[PDB]
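**Student:** Here it is, the structure in full.
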Amino acid sequence: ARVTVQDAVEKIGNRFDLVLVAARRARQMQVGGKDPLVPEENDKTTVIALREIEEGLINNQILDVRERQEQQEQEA
Amino acid sequence: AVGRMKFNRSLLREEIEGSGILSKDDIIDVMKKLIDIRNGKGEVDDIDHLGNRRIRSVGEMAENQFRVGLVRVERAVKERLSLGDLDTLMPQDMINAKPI
Amino acid sequence: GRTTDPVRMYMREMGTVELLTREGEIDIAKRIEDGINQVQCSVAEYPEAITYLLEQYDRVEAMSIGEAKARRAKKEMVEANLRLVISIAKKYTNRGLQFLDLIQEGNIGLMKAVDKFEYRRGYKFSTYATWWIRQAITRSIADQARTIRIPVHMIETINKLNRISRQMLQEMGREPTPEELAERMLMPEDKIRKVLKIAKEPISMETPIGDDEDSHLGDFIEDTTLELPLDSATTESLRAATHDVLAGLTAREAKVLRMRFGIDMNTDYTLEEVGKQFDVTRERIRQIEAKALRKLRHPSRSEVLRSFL
Amino acid sequence: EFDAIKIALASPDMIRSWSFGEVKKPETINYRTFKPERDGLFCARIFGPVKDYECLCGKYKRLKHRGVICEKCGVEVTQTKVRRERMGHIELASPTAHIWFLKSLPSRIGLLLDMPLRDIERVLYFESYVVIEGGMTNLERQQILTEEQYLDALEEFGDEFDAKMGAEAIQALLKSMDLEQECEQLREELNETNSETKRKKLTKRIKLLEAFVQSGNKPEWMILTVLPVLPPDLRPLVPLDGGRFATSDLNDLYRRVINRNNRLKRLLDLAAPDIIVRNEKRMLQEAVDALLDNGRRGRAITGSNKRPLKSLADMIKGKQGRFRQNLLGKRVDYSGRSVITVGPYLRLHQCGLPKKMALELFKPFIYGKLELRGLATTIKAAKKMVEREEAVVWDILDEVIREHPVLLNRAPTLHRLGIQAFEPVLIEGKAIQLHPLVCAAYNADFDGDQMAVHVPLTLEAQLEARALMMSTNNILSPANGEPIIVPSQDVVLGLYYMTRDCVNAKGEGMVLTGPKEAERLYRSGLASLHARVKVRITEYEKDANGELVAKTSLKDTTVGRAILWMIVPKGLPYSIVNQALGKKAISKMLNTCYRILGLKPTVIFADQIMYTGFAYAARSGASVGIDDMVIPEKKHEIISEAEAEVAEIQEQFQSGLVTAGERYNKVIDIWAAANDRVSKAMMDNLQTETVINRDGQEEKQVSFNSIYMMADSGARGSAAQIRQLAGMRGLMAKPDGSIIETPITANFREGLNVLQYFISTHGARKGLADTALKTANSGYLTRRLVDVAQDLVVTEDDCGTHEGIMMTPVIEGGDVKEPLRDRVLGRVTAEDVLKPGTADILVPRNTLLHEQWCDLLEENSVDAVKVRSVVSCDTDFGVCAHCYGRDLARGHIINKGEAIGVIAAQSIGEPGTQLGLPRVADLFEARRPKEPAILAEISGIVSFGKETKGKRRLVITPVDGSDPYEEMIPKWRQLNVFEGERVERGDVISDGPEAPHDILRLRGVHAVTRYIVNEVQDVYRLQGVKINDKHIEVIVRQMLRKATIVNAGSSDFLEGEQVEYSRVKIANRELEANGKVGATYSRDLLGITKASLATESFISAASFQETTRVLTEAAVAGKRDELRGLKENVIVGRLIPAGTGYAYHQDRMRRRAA
Amino acid sequence: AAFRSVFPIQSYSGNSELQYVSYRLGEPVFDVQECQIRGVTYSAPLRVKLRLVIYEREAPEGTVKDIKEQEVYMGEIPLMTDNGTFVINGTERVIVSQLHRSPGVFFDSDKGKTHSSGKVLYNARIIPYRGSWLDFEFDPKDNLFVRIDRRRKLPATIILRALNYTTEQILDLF
Ligand SMILES: [Mg+2]
Ligand SMILES: [Zn+2]
Ligand SMILES: [Zn+2]
């Protein structure tokens, strides 16, 4: 469920980087390359990404770190 | 006729009828009344007065457009008549119904 | 004062020359004849030219001052008769070709008439030149008055039909039916329908619609040669389905079926070519493809493919 | 992909390089088999195939043969879409001038050659000759002869004489001239000349020559020798049903050009006389002009109908051109429209969407879900299911839209809140249901209004709709900070009815254990909804951070206010519900909730307020009857007394004492007094007359009259309307302005007689016509404001500037018109703010003044606070977030990337229909008043010189500095100051309205911005509108965007060159690295139309105002438009550099500067 | 009225005349309902009686050679149904009456909206039913200017001179 984004905006700020990071993460879930980090509540990937942002589990820094480590482990 | 009536009323003439074309008297009297309005006691005509705005209905407008068709057929009639004949033309070939 | 009207400028420039004086056109034709005669004397006095003329005669059976006098007296005649063109070009003013265009086509006709005029006939120049000027103007209207050009013969047919319809409109009272023009005219009555169907002048795409504010005709016209997104997606899905169905076929049967139709390759091959590549008889490839199509006809193997129908 | 757009002149070689062939014939289609003709305007060899990968002749009908050109017809085989890209050309047999470069006013051809446009047009239309370097013996190069003079000099001069006619002569002149030597000679003239008109002419000529010789342009290219031809698919000749064809006007114009060019070729072949050839060249020139512009030639040529043909230029310029009809706005897929109903059950974040509308709008999503969940094997099958509307298609549709927002938009989008995102709830109907609390933002009523729904498709669009546009995020106005989701009329009436108290009400006096007891008592009928009772109530206070201390107390309230108290959230005081709760109280309560608790509690509170207000307005049974409009019993007496006074004054006039006009004015005054008396009696009789008794003699209480309660609560109506209902409806003024001496004495409860109704229609129609003809100019003003400020974005976080503006309360006539609290709320202080006694630093330097700091300032009575302003920011290409302030839509400081210019334009413009407005238009256009103020140009002692007809020369002399500045002041201008005095700079000498230019020039940027903001705010305040000054200051900063170089010094600029202020700022910054600067400027002030039209981008300036001028200037100057603007990116379909795309744009720069 | 006003015609320099006698309206081919169904204009044919009178050469008295009297068809005029409507292409149409400026002379000085000081510049305008407009106006310098069909301004006395008036009699009049 989702009504307002004030905790996610708080946790990321600028009200515009929140959209971009949430879009990155929602596309990550939408394509079969990632799984939700919070218990799915029948939500769409956009709302799931927002709920992960609110929890603090997703940031622009977390996402790029995970992308980098996935690249590094791709070498294997 | 309405135009002549209004023209003669605006110049305080006592003839409600007249002619359809302008004259020296008409033009000079219009100039004289304009001058009088400039200095004497003259009232600007109210354009929105309903005594100055006329009503055109379907009959009048249709007559006007029929007369337009008639003039643009008479042009051709006159041009054809430019060469008069005796027994080769009839009043059915000199007039074309398409313009009207 | 000043004007921007090209027709007014043309009138200004042309009207300067006095119209003419009788027996002046004869003298102008005489001067033209003198000029051409000077050129002819130049050509006849050239021995090589005469030798060439003899050579070409055998083949068939088997100056500057002269030109100047010709160019002049052609300028004088054409400029002396520019008012003749305008009188008999203002007749056609509103036939889809502007006034100055008609004037110019009539001017070219007048130039031709000057070239072909013969004074020894003792005939007034206007009588002859009127034919040429009218021909030029009328053929110009026939040739470049419509967006979709129709030939001159079809325009003559159209004009004859219009004249006869106009006459019958008054001789009958209401209008002639296309069957009724097969009696007044002598046409199979199918040509009448074709001539009547011939497209009228195209409608401007900027035509206001009754509102006349912002609705133009071009706002109601769709791109007919466009692929609907559903059609394109269906094409992609059908390509994928054919791939995934041909996958479930023996190697040579699948290859044969991919070759016989241009399936993700170049132009389709013929049975003879496939034999040229499989090194087998043509009838063998025919039997192979028939069996492959039979196998593809199986249920639980083409239910999605028939869903594509 | 592409960084900038370059515009320049086109050479014949370039036009040929574009071309794929030469259009040689005017033919289009074959009239029997409608295939294209061989070399005509629709040609397969030149322009491409008409069917996909199908050769015209028929020898090649497969994709396999792609890439070969046929032999039986020579037609390339490719896609048909290439028909939209392939251009042709026409080889003109006679050069023809480009109409734009000859008829630009100023004429580029005329100005470049220093030849008057009259002379050039005379030469062009074969009326006169022009010498072309025709010997340096007797006739000069630029001299023009006529037929007489040319023939005279013919026999007098055979050689060393060149005088030609028409456009070939103009081309020869333009090609024989050399730009550098002309520029040098004109520079010498400019440097050795003293005359402002001739000086200005020389500056203009030099600028044209320099901007021409710097760019690759050659002047001769302004004469068209090769004509480009548009691709056929952009000038289609399609078939209409029935054998008819629809064609573009460009086909007809091109056919005329081709016909006349071919006739000219024929004539030159025949060696026709010069008169005929000249006429044909004139006709060809006219045809090319018509094709290019179909104007600038006296008479436009009309088509088969009597309507002028639409030209190549007409398809770019105007309200109907490409720029505004197809590039700045568009028709859009995935969109619907329907009538709006109310649906008062909705939550603030959702809207009712019809099931059929949703099924059509989400079709691809439904197809995808049908395929994915296995319910359809192929997409065609899924389409068939959706067509049949099978039972499971609706389940799929429910799954699809579960959290997919949709944008709702009402037709006139006057500001941001005209588009808002909502979560769809599917309704079995055909009308969109709209939450009642967003109607005010939409300015939407439910009497037939429609709304458009747009589907956001991508994940980014969906997240933007959720996190930026959602109706729950937009609860404060972006113009002022005030809430925008306040309950409007029925909710206000219900809350007002439930909160006000009666004197003797069932259940009065009893003591309650809480709001639940009050609700139980009322709902069980034992107590009246508003009975004065005591009740134990538990407030929560959030004095410090986080902690909510509970305070339980016995309050003296009503049953209704106790019931309402359950709706209120925790951290709010009880006193907010212990009043009568009109419209103002509810708005203030929502604002308090937002500023204390936050956004989520405020949204929940707003929904609960709406539900409760609807419920209790229903229970109230509030109605309107004829008895509810009570007429004063004294109305008859008052009108009789006024009529008697009128008769008395009429007699006095008849006595030869007072002129008719003065008598009329006295009658007006007495009638106005009588109207005021009647209205006062009506309000006294209708507001508190209700009298009842409470266990005693009698008491008095406010009336429960339904009309009165509607007017007092603020739900609907006002004292003016109530008086028009019961008391007389005052005096009527005829649309001229004269007040009809006989006023309408009848109200509407009693009828109006025929004369009174006629008089009333006089003004009703005037109002309707005025409002119909007002929004046009208000919309034009908003368009100009948006165009001037579109390229303004918050790019930095802090510029670091110390300069600001001093905000003080506005006082006029000894009363405050707007306090300091509302002027300084949300603005960052520029310099440390001390107490009046200088005791200590009251608030630090760069604090954002929220309502707590404002409360402190109010408590300590600080009159002037210096706050940062957008107009004094140091940021290049944008403004920092600390100079803007609070982002009034939110509470936090403005974010980086916010397009504050668009918000400023919309905030200023959307109230313009409430306006007057022409005053604001004048202020933003910076028009000079008709009889301005003569201000003191310089400081010094004033004296008089010559005072003859050349009006008085006034001389102001500084103490030490030179005084060559003397002013030519008229005598009929009343001097404010004496002859022998001393005056300070920017002072007033004559009297009159001060022109904004002079205020800027003499007093400064702060002075002019203060003038503009104060005047426009005066207009809006007079009209009751509330706009923050941030927006007006944004517009003013955009007006102050240019500067003239008073002394170039060691900079790379000229003297009179009006440079962009940011460029000169960066230049003066860089030259500080060196020693020499010598670069000094005067700031200019242009109107919004003039400031937005004179901008760096030629696309953004061509896109809104006159396109021919902008395009011609950018073509001759060779302008290169780097996009760097909202309009430019909107046109080319890229992420605007403002919002969520700002980051993207920054990233692009990161890659571009490497 | 239309026929009488323009239909009689004389062959310029030929003196061959075509004159109008009478007209009649033929019966409509279809009724109103049939026109609505098929889709046609409820119209009546116009049959005009014309007479081509040929004048014998050199007959200024009026002697005519022959007269050819024939009835001819001149288009079909749409008819008005019983309730004031026209069916034009099967669809019922209404022609709305027009309120237009009446022909005559009108004096319509501007209200001082032209020049500074709000000076009232008076003008007269002759509006015909058919023909060109004839305006007289005043300039701020107190001069009288004639203007024809709203073109460039001219001094008023030009028209007076064009009417064969000399200066002396012009001043005598004014
Ligand atoms: Mg409405
Ligand atoms: Zn071919
Ligand atoms: Zn700043």
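Start at 1 and count along the chain as shown; that gives each residue its number.
Quick check of the header: electron microscopy, 3.1 Å.
Yeah, the Cβs are placed from backbone N, Cα and C, and that goes for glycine too.
If you look up Swiss-Prot, you'll see C:271-290 marked as DNA-binding region, on the strength of sequence analysis. Annotation source Swiss-Prot lists region 'Sigma-70 factor domain-2' at C:77-147. Marked as region 'Sigma-70 factor domain-3' by Swiss-Prot: C:156-232. The feature region 'Sigma-70 factor domain-4' is assigned by Swiss-Prot to C:245-298. If you look up Swiss-Prot, you'll see C:282-297 marked as region 'Interaction with anti-sigma factors'. According to Swiss-Prot, the feature motif 'Interaction with polymerase core subunit RpoC' maps to C:101-104. If you look up Swiss-Prot, you'll see C:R260 marked as site 'Interaction with anti-sigma factors'.
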**Student:** Do any residues, 6 or more residues outside the region 'Interaction with anti-sigma factors' (C:282-297), come within under 8 Å Cβ-to-Cβ of it, and if so which ones?
**Tutor:** 245, 249, 252-254, 256-257, 260, 271-272, 274-275, 305
**Student:** In sequence order, what residues of the same chain, 6+ apart, have a Cβ less than 8 Å from the Cβ of C:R260 (site 'Interaction with anti-sigma factors')?
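**Tutor:** Result: C:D268, C:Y269, C:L271, C:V274, C:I285, C:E289.
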**Student:** Take the motif 'Interaction with polymerase core subunit RpoC' (C:101-104) and count its residues per DSSP category (helix H/G/I, strand E/B, coil), listing them in that order.
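**Tutor:** In the motif 'Interaction with polymerase core subunit RpoC' (C:101-104), the DSSP-based counts are 4 helix, 0 strand, 0 coil.
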**Student:** Can you break down the region 'Interaction with anti-sigma factors' (C:282-297) into helix, strand and coil residue counts using DSSP?
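**Tutor:** Each residue of the region 'Interaction with anti-sigma factors' (C:282-297) counted once, the result is 15 helix, 0 strand, 1 coil.
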**Student:** Counting by DSSP secondary structure, give me helix, strand and coil numbers for the region 'Sigma-70 factor domain-3' (C:156-232).
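**Tutor:** Secondary-structure composition of the region 'Sigma-70 factor domain-3' (C:156-232): 36 helix, 4 strand, 37 coil.
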**Student:** For the region 'Sigma-70 factor domain-4' (C:245-298), what does DSSP give as the number of helix, strand and coil residues?
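**Tutor:** Secondary-structure breakdown of the region 'Sigma-70 factor domain-4' (C:245-298): 35 helix, 0 strand, 19 coil.
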**Student:** As a quick check of your reading of DSSP, tell me how many residues in the region 'Sigma-70 factor domain-2' (C:77-147) are helical, how many are strand and how many are coil.
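**Tutor:** Secondary-structure composition of the region 'Sigma-70 factor domain-2' (C:77-147): 54 helix, 0 strand, 17 coil.
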